[PDB]
Each structure stands twice: as structure tokens, then as C-alpha cells.
$ cat start_30.txt   # compact mmCIF, C-alpha atoms
# COMPACT_ATOMS: atom_id res chain seq x y z
CA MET A 1 19.34 21.97 11.24
CA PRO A 2 15.73 20.64 11.03
CA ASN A 3 15.04 20.88 7.29
CA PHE A 4 13.44 18.39 4.88
CA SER A 5 16.88 16.93 4.16
CA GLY A 6 16.96 13.28 5.18
CA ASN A 7 15.88 9.68 4.71
CA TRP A 8 12.31 8.85 5.60
CA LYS A 9 10.38 5.60 5.93
CA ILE A 10 6.57 5.50 5.81
CA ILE A 11 4.67 4.64 8.96
CA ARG A 12 1.10 5.48 8.04
CA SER A 13 -0.91 5.64 4.82
CA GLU A 14 -4.49 6.77 5.30
CA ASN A 15 -6.68 6.81 2.18
CA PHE A 16 -4.14 5.78 -0.44
CA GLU A 17 -6.64 3.43 -2.09
CA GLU A 18 -9.31 6.10 -2.51
CA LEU A 19 -6.89 8.37 -4.39
CA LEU A 20 -6.14 5.51 -6.80
CA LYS A 21 -9.85 4.62 -6.97
CA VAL A 22 -10.47 8.24 -7.99
CA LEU A 23 -7.66 8.03 -10.58
CA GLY A 24 -9.58 5.10 -12.05
CA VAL A 25 -7.12 2.38 -11.04
CA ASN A 26 -8.89 -1.01 -10.92
CA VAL A 27 -9.36 -2.84 -7.58
CA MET A 28 -6.73 -5.58 -8.16
CA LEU A 29 -4.00 -2.97 -8.82
CA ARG A 30 -5.19 -0.61 -6.06
CA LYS A 31 -4.60 -3.43 -3.56
CA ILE A 32 -1.28 -4.48 -5.04
CA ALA A 33 -0.35 -0.75 -4.79
CA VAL A 34 -1.54 -0.40 -1.19
CA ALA A 35 0.60 -3.36 -0.25
CA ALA A 36 3.55 -1.87 -2.16
CA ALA A 37 3.10 1.40 -0.29
CA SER A 38 4.23 0.11 3.10
CA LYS A 39 7.85 0.29 1.95
CA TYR A 40 7.80 3.86 0.54
CA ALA A 41 11.13 5.55 1.19
CA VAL A 42 11.78 9.23 0.51
CA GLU A 43 15.32 10.59 0.40
CA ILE A 44 15.36 14.39 0.35
CA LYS A 45 18.40 16.53 -0.38
CA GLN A 46 17.36 20.15 0.19
CA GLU A 47 19.47 23.28 -0.32
CA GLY A 48 17.69 26.64 -0.11
CA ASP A 49 14.57 26.43 -2.26
CA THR A 50 16.02 23.59 -4.37
CA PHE A 51 14.90 19.99 -3.88
CA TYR A 52 16.15 16.55 -4.81
CA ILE A 53 13.59 13.91 -3.89
CA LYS A 54 14.13 10.17 -4.45
CA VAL A 55 10.94 8.14 -3.89
CA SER A 56 11.35 4.39 -3.91
CA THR A 57 9.48 1.26 -3.10
CA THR A 58 10.72 -2.31 -3.25
CA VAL A 59 10.78 -2.36 -7.06
CA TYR A 60 10.26 1.22 -8.29
CA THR A 61 12.12 4.47 -7.67
CA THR A 62 11.89 8.03 -8.96
CA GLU A 63 13.90 11.19 -8.55
CA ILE A 64 12.25 14.54 -9.04
CA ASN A 65 14.30 17.75 -9.14
CA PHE A 66 12.75 21.16 -8.52
CA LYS A 67 13.28 24.74 -7.38
CA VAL A 68 10.39 26.31 -5.56
CA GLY A 69 8.55 28.79 -7.76
CA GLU A 70 9.79 27.22 -11.03
CA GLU A 71 7.31 25.23 -13.17
CA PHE A 72 8.70 21.70 -13.72
CA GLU A 73 7.65 18.33 -15.14
CA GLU A 74 6.79 15.18 -13.20
CA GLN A 75 4.14 12.47 -13.15
CA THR A 76 1.00 12.13 -11.07
CA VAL A 77 0.65 9.21 -8.68
CA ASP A 78 -1.24 7.19 -11.30
CA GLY A 79 1.75 8.06 -13.49
CA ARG A 80 0.37 10.61 -15.94
CA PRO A 81 2.88 13.36 -16.98
CA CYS A 82 2.09 16.81 -15.60
CA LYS A 83 3.33 20.40 -15.25
CA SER A 84 4.02 20.92 -11.54
CA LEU A 85 4.91 23.97 -9.43
CA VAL A 86 5.67 24.18 -5.72
CA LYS A 87 5.18 27.14 -3.36
CA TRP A 88 5.86 27.59 0.38
CA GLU A 89 2.93 27.62 2.82
CA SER A 90 5.21 28.18 5.81
CA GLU A 91 8.74 27.50 7.09
CA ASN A 92 8.50 23.77 6.38
CA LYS A 93 5.36 23.22 4.35
CA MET A 94 5.45 23.34 0.58
CA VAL A 95 2.57 22.52 -1.78
CA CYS A 96 2.52 21.59 -5.45
CA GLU A 97 -0.25 22.11 -8.00
CA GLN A 98 -0.12 19.70 -10.95
CA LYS A 99 -1.68 20.57 -14.31
CA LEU A 100 -1.89 17.80 -16.92
CA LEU A 101 0.29 18.03 -20.06
CA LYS A 102 -2.11 16.09 -22.27
CA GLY A 103 -5.41 14.38 -21.41
CA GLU A 104 -8.12 15.36 -18.92
CA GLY A 105 -8.92 14.21 -15.38
CA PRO A 106 -8.94 14.90 -11.60
CA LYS A 107 -7.36 17.83 -9.74
CA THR A 108 -4.11 16.38 -8.35
CA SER A 109 -1.85 18.10 -5.83
CA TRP A 110 0.67 17.18 -3.16
CA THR A 111 2.16 18.78 -0.09
CA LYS A 112 5.16 18.00 2.10
CA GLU A 113 5.35 19.26 5.68
CA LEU A 114 7.70 18.73 8.61
CA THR A 115 5.94 18.53 11.97
CA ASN A 116 7.41 20.07 15.13
CA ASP A 117 7.88 16.49 16.37
CA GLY A 118 10.08 15.55 13.41
CA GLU A 119 7.73 13.55 11.20
CA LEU A 120 7.39 14.10 7.45
CA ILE A 121 3.77 14.46 6.37
CA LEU A 122 2.81 13.95 2.75
CA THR A 123 -0.72 14.70 1.63
CA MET A 124 -1.87 13.98 -1.95
CA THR A 125 -5.22 15.25 -3.25
CA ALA A 126 -7.18 14.11 -6.24
CA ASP A 127 -10.43 16.09 -6.42
CA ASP A 128 -12.41 15.59 -3.21
CA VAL A 129 -10.00 12.84 -2.06
CA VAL A 130 -7.08 13.38 0.33
CA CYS A 131 -4.38 10.81 1.04
CA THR A 132 -2.05 11.32 4.01
CA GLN A 133 1.24 9.56 4.54
CA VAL A 134 3.53 10.03 7.50
CA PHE A 135 7.23 9.32 7.33
CA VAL A 136 9.88 9.24 10.01
CA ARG A 137 13.66 9.63 9.66
CA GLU A 138 15.13 6.24 8.70
$ encode --input "start_30.txt" --output "C-alpha cells"
Amino acid sequence: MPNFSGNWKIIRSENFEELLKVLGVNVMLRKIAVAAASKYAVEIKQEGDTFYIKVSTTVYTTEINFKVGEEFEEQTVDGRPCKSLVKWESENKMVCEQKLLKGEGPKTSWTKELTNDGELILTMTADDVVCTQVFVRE
């Protein structure tokens, strides 16, 4: 049953720095982050339109819980709290618009997609900037 359910390890991370640049993260941190980001692991437990996603690195880990179509709360990538809401684009592509609780700043989004060759593809937008990360089953 080829659904999002599984354990994924990152294999590619195009443009991560630029996203963080755009979110106003200073150089030194951006680089410390980019190094961190080679050990991204995503565990996904998916039943119907309901999603458990654990996202860990070597030292940090978060679990978000969501049903598609139901507004929920998470943080951006730069870790600002936001109102998020996911919708399907197709059989195995969902996309999430984030709107900031407090504060002002860039237009953040994220999508998860399963390719027909069994990779997980995460894209994360902030304004004009698009970061892509590809994961494979652990």
C-alpha cells in the first residue's frame, strides 16, 4: 500500500539556505542549520486524511498532528507559530498554507508528495523562494 506512511531519510536539500536567508536567519546559523539538515528524518503515520508526522534531526524533533481540511497550529521553519491548513493536490500530494498567528513576514507554505518511484518530496516556500528536499524510505 504505497501511502505516505513510513520512515524517510533525506538525500537532497536544494535551496534550504535561501529559505532561511529569506526568513532573516543570520549566515552563521543558516550554515549550522544546513549542516544539521543532512540528518532530517521524517516518520509518517497516515490513516485516511489524518497525519502524524515526526520530524527529527540529530538534536531536535517535532511531531505535528493534522487532518486534511482542518485548520491546525504549527510553527514555520524559522520556528514562528502559525495557523496551518492542508489540502490534497492529487492522490499523494498535499499542500499546506501557513498564516501567522502574531507578527508579520514572508508567505510560507509546504507540500509533501510521493513520486511514482517511491521518493518523498518536500517543498517549502517562503515568498519567491522554494526549497526542495527529497527523502527515501529508511
$ axis_aligned_box --input "start_30.txt" --around "stretch 98-103 of chain A" --padding-each-side "6 Å" --output "AutoDock Vina command-line options"
--center_x -2.6 --center_y 17.5 --center_z -16.6 --size_x 17.7 --size_y 18.2 --size_z 23.3
$ atom_distance --input "start_30.txt" --atom1 "atom CA of residue A:134" --atom2 "atom CA of residue A:120"
5.6 Å
$ atom_distance --input "start_30.txt" --atom1 "atom CA of residue A:24" --atom2 "atom CA of residue A:105"
9.7 Å
$ closest_residue --input "start_30.txt" --among "A:43, A:91, A:97, A:138" --to "residue A:115" --atoms "all atoms listed in the file"
A:91
$ atom_distance --input "start_30.txt" --atom1 "atom CA of residue A:104" --atom2 "atom CA of residue A:27"
21.5 Å
$ closest_residue --input "start_30.txt" --among "A:132, A:7, A:123, A:75" --to "residue A:94" --atoms "all atoms listed in the file"
A:123
